[PDB]
Amino acid sequence: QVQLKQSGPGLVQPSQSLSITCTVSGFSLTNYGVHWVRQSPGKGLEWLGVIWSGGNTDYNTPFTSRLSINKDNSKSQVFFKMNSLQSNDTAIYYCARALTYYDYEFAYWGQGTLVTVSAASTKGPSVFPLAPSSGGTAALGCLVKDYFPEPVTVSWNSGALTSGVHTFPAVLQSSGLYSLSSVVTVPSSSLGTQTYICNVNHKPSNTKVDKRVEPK
Amino acid sequence: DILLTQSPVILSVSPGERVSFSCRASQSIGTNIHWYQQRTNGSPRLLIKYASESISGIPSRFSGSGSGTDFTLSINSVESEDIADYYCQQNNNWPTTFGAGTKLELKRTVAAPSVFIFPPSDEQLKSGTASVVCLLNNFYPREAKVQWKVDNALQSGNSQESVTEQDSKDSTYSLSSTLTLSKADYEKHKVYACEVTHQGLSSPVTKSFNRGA
Amino acid sequence: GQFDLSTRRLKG
């Protein structure tokens, strides 16, 4: 099972440097190169560089002087480091592996790391219940308010509840802080039997909240 | 660098129809093009390599053709799970470069939203802010209007909307409209109403509550 | 037409 797992999303101050770790399994870094690709609003999908099996690196032209890729074959880890970030370096960063050892056909991707370049500070969210109230289908949810930066993960009943779930895109408030709601529809008859918990995780602030949502 | 131009920007079809994506290169690149699919909150997924070659685990309804500068990715019978963005990649010339992507939207029958309104929790009121949430669930098409009224006064500028991407199973959207008040303003009023207009409703639907009960 | 970091989807 070929897999690539990246370190968590986070905030980097302007002019500061970015570090991401890509841990691979199901293959050996001595047999495959690992590529780095980002995806930004300004420039879309953008190939950044690669570290080959034998330790050599290639960097895309506009990144030659501020990009550094290293790895530890023993630990199956590839280390990405970019210097002097500005606002338009805000993007999702992926590590990726090609089908063959020499190629660029990216058949396996990491889950991505959203990096926000901002001078502001990290802030964890407050979680508030969206309580169901009086055709046999009830809607309930959680309000995840006033956090920075993106993203936040939301799940229901520790992953067991996925059907009917809608987690809305976050919106930026005038405060410069994000907010979103996650909703789910369930049978009215289950409100007295089943517990409904939204599991909220804001990794950039290490804030994890389980919010029980009950009829008021 | 090779410039890759994808067209159209947005594609919109019905399930079971065939659909094609175009990718054009600023100079000949042989057959050195790859295609990717990106679903909502997902990483790119490799669909085709070298213009026409299959990829393990990719459904047979995906195919590609072309050589030189004009390339085509095709889905011969679209399904709802194909709702995604699609990108091409060239690697005939260093560095490898990607197109800007084409969005694939699916049509479906009109579906009216189910409307729910949520008062602010007492927990949030402790903080000095009141959020009133109106939910429009599982509707199509995307266009809809939310009008807020507090004690018959039209609210303007103090609400924000967020819409999900299309559901991969039923192709509907859901919308949340959040009205934000100071706790002081919220306590000075009684009737909080959300009015929803949509093509699937013969009349606007209004969900409301009185602060308290 | 632009990539949206909130949804990883193209928006305008």
- Item | Single residue of region B:122-147 satisfying the filter (crowded, with 18+ Cβ neighbours inside 10 Å and small (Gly, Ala, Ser)) that is nearest to the other protein chains (Cβ to nearest Cβ) | B:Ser131
- Sole exception among (1) part of a strand (DSSP E or B); (2) touching a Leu at 6+ places or on another chain (Cβ under 9 Å) for B:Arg142, by number: (1)
- Item | Verdict on B:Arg45 being surrounded by fewer than 20 Cβ atoms within 10 Å (Cβ to Cβ) and in contact with a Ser or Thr (Cβ under 9 Å, 6 or more places away or on another chain) | no
- Among the candidates A:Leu67, A:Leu85, A:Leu18, A:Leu4, residue that is among the hydrophobic types (A, V, I, L, M, F, W, C) and closer than 23 Å to B:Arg45 by Cβ: A:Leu4
- Query: Out of all the residues in region A:174-202, which are closer than 18 Å to A:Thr116 by Cβ, crowded, with 16+ Cβ neighbours inside 10 Å and more than 9 Å from chain B (Cβ to nearest Cβ)?
  - Reply: A:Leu177, A:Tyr178, A:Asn201, A:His202
- Item | Of the criteria (1) under 17 Å from B:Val13 (Cα atoms); (2) in the same structural domain as B:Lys190 (by CATH); (3) not hydrophobic (A, V, I, L, M, F, W, C), which one B:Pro119 fails | (1)
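Are any residues in region A:121-164 touching a strand residue (DSSP E or B) at 6+ places or on another chain (Cβ under 9 Å) and polar (S, T, N, Q), and if so, which ones?
Hits for region A:121-164 are A:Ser121, A:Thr122, A:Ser126, A:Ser133, A:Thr137, A:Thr153, A:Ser155, A:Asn157, A:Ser158, A:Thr162, A:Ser163.
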- Message: Regarding region B:84-93, can at least one residue be identified that is more than 10 Å from every other protein chain (Cβ to nearest Cβ), in a loop (DSSP other than H, G, I, E, B) and surrounded by 14 or more Cβ atoms within 10 Å (Cβ to Cβ)?
- Response: yes
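Residues are listed down the side, and each one gets a yes or a no for (1) acidic (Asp, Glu); (2) buried (at least 18 other Cβ atoms within 10 Å of the Cβ); (3) away from chain B (no Cβ under 14 Å):
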site: A:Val115; (1), (2), (3): no, yes, yes
site: A:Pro132; (1), (2), (3): no, yes, no
site: A:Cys142; (1), (2), (3): no, yes, no
site: A:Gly164; (1), (2), (3): no, no, no
site: A:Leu172; (1), (2), (3): no, no, no
site: A:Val209; (1), (2), (3): no, no, no
- Item | Hits in region A:117-130 (condition: in contact with a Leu (Cβ under 7 Å, 6 or more places away or on another chain), surrounded by fewer than 22 Cβ atoms within 10 Å (Cβ to Cβ) and of a type in the set (A, V, I, L, M, F, W, C)) | A:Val117
- For region A:26-42, what are the residues that are under 19 Å from the mean Cα position of the chain (by Cα), under 18 Å from A:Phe80 (Cβ atoms) and of a type outside the set (A, V, I, L, M)? A:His35, A:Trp36, A:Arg38, A:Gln39, A:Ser40
- Which residues, taken from region A:173-194, are out of contact with any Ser or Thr (no Cβ under 6 Å at 6 or more places or on another chain) and closer than 19 Å to A:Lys211 by Cα? A:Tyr178, A:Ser179, A:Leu180, A:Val183, A:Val184, A:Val186, A:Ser190, A:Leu191, A:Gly192, A:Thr193, A:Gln194
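Would you confirm whether any residue within region B:2-11 is within 17 Å of A:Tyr104 (Cβ to Cβ) and surrounded by 13 or more Cβ atoms within 10 Å (Cβ to Cβ)? Before the answer, list the steps.
Taking region B:2-11 as the starting set, the residues that turn out to be within 17 Å of A:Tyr104 (Cβ to Cβ) are B:2, B:4.
Narrowing the set further to residues that are surrounded by 13 or more Cβ atoms within 10 Å (Cβ to Cβ) leaves B:2, B:4.
Yes.
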- For B:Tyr87, all conditions in the list (1) out of contact with any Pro (no Cβ under 8 Å at 6 or more places or on another chain); (2) in the same structural domain as B:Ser67 (by CATH) hold save one; what is the number of the exception? (1)
- Selection from region A:134-144 of residues farther than 16 Å from B:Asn137 by Cα and in a loop (DSSP other than H, G, I, E, B) yields A:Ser134
- Item | Filtered residues of region B:55-71 (kept if touching a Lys or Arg at 6+ places or on another chain (Cβ under 7 Å), within 17 Å of B:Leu4 (Cβ to Cβ) and either facing chain A (nearest Cβ under 10 Å) or among the polar types (S, T, N, Q) (or both)) | B:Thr69
- Extreme residue, nearest to the chain's Cα centre (by Cα), among residues of region B:2-54 that are on the phi > 0 side of the Ramachandran plot and within 13 Å of another protein chain (Cβ to nearest Cβ): B:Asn41
- Quick one: what pairs do we get from region B:157-174, first residue within 7 Å of another protein chain (Cβ to nearest Cβ), second aromatic (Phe, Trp, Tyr) and assigned to a loop (DSSP other than H, G, I, E, B), C-beta under 9 Å, 6+ apart or different chains? B:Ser162/A:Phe168; B:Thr164/A:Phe168; B:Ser174/A:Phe168
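Methodologically, a virtual Cβ is constructed for each residue, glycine included, from the backbone with ideal geometry; neighbour enumeration extends over all protein chains shown. All of this is worked out from the model, or read from it or from the source named; nothing here is a laboratory result.
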